[PDB]
Amino acid sequence: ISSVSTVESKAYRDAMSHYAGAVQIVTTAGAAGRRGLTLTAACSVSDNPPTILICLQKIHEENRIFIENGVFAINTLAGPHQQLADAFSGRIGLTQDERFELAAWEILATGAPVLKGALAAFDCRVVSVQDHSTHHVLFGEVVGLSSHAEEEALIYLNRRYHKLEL
Amino acid sequence: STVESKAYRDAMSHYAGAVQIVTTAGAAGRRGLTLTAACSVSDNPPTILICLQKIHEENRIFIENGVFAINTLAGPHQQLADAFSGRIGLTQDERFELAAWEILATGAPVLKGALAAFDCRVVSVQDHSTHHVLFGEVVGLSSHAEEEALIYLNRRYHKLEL
Ligand SMILES: Cc1cc2nc3c(=O)[nH]c(=O)nc-3n(C[C@H](O)[C@H](O)[C@H](O)COP(=O)(O)O)c2cc1C
């Protein structure tokens, strides 16, 4: 099995279009500045201690800001957050500052922007930074937490956004 | 410096997950389990990670075999997900009996009728507290045009139209 080729990137992306993802906006703030981006490549690693990972495209050099600040917050998006998901995916242009202006943010522990009205927010300190081909994989220990009882979760699946009732 | 485990788990119930069954086969035996702690790492080369609890000793079988298939579940797969979660008993063989399986590249069981299946060779195994994190390169692929995805959210299964 070590000698066989990996599948084609296109075929893989097409298959991954069948793999739903809860839409997050991952954020950071600190000496390197404030940045956010719409993200689905994240998951929980452990509950003890609470640890989550995110995958950031290397091709966008501004993603280094997360590493430099050594903190990030994962904000789980709800029904009313389509505009924000679009802003933070680069769909509508705008500067980072202009993108943040579109909603109200607060903080938990690290200073990374936490979305008011998020389904959940996980505020993290970076504990591992890894290079995996096209992406940095950052592991974070969860040092701040919020959750709110919103009616719907924002989910990406089959190349479009969906709202799913909790 | 970290938050409480329970509070974290509770917050994570607001974080939806596409339900997968991850499987393996080889010299160490055949094993499957339901999970949502997986994501795509890269498309070049196609790479996926999975997180496996240490407490379930037999998860070592994935590491020993060095292959796994991630099967993305569709609408009709709720009972199957329940079986492979260990929450309704049954031996491994009894769990596999509840569905039809095939092979792609590695010999790991691939689910017939899955929305997608990603057949992987393990390229890295990492230890992270209570879990192993396995990185797999995708060497086999299947995809089917099923109408709904099985999603876990708010401690319940959901069906989401594609
Ligand atoms: C639904 C969706 C999911 C995304 N997931 C990720 C991700 O997992 N990791 C990542 O680095 N970028 C992801 N992106 C892309 C980033 O949002 C985007 O690269 C970032 O906002 C910077 O875009 P810009 O330079 O055009 O402003 C995703 C985009 C969308 C629309």
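Just so you know, ligand 1 is whichever comes first in the structure, and atom 1 is the first atom listed for that ligand. Throughout, protein chains are lettered first and strands after them, A, B, ... in sequence-line order, and every chain is numbered starting at 1.
- The nearest non-hydrogen atom to atom 19 (O) of ligand 1, considering only A/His135, A/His60, A/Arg91, comes from A/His60.
- Between B/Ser42 and A/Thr134, the side chains place a donor N or O and an acceptor N or O closer than 3.5 Å (distance only, hydrogens not considered).
- Contact annotation: for A/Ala42 versus ligand 1, there are no heavy atoms closer than 4.0 Å.
- B/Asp82 and B/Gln78 are not linked by any side-chain donor-acceptor pair at a separation below 3.5 angstrom, with hydrogens and angles left out of the test.
- For the 3.5 Å distance criterion, the side chains of B/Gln126 and B/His128 qualify, holding a donor opposite an acceptor.
- Using a 4.5 Å heavy-atom threshold, the side chains of A/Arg91 and A/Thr38 count as separate.
- At the shortest separation from atom 12 (N) of ligand 1 among protein heavy atoms lies A/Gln57 NE2, 3.4 Å.
- When the side chains of ILVMFWY residues are joined at heavy-atom separations under 4.5 Å, either directly or via intervening members, A/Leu39 and A/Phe122 end up in a single hydrophobic cluster.
- In this structure, atom 3 (C) of ligand 1 lies nearest to the protein heavy atom A/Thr40 OG1, 3.7 Å.
- In terms of protein heavy-atom proximity, atom 26 (O) of ligand 1 is closest to A/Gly90 CA, 3.8 Å.
- If you check which protein heavy atom lies closest to atom 4 (C) of ligand 1, you get A/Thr38 O, 3.5 Å.
- With a 4.5 Å cut-off on side-chain heavy atoms, A/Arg13 and A/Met16 do not count as touching.
- Counting heavy atoms under 4.0 Å from ligand 1, residue A/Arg159 does not touch it at all.
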